[PDB]
Structure formats: C-alpha cells, structure tokens
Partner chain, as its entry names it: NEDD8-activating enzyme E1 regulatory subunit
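Only one chain comes next, encoded as structure tokens, the form deposited without its partner chain.
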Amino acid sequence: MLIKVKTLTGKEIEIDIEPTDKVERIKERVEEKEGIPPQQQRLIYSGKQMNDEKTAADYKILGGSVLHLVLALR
C-alpha cells in the first residue's frame, strides 16, 4: 500500500506499508529514507496524532492516503 508522508515545507515521500503494520514501522520507513529517528517524528492523520502502538488499519489508511509529518523535539 503506497501512502504519502507530507511535511509543512511541501516535500512528500512515498512509503509502502500494510494494514497490519504498526505506526512505529511507518516511522521506521521514514527513518530509512530520511534519517529522522522515530522518536523525533510525529505523524498526523485526519487531525489526529498517530499512536506508535496502533496499526495503519486503526486509522483506516488506504492507498493514496496522506499523512503529515512534523518534528517533535524530545
């Protein structure tokens, strides 16, 4: 399942995931291509901060779905 992860400055990245994949894995995919540690990532879908322990299916994510990535300093 190909989804988009968009940032405020406009750049997008395609991430391949599955309905059973946990949000933590999505962050790990972003880390693979961007080098941003999962702990510094905040993924938002439909105005909701995505929980690391939950799965893509819990947010009803489909092909083409756009997630929003923002930095969260720790």
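Definition used throughout: the rigid core is the maximal C-alpha set that superposes within 1.5 Å between two forms. Positions refer to the first chain, counted from 1. Shifts are known only where both forms have a C-alpha.
The following text describes the form deposited with its partner chain bound, which does not appear among the structures shown.
The closest non-hydrogen atom of residue 9 lies within 4.5 Å of its partner chain in the entry with it bound.
Along 32-65, these residues reach a heavy atom to within 4.5 Å of its partner chain in the entry with it bound: 32, 33, 34, 35, 36, 37, 40.
Once the cores line up, the CA of residue 10 ends up 2 angstroms or more apart between this form and the one not shown.
When the two forms are overlaid on the core, consecutive residue runs of 3+ whose CA positions all differ by 2 Å or more between this form and the one not shown map to 7-10, 70-74.
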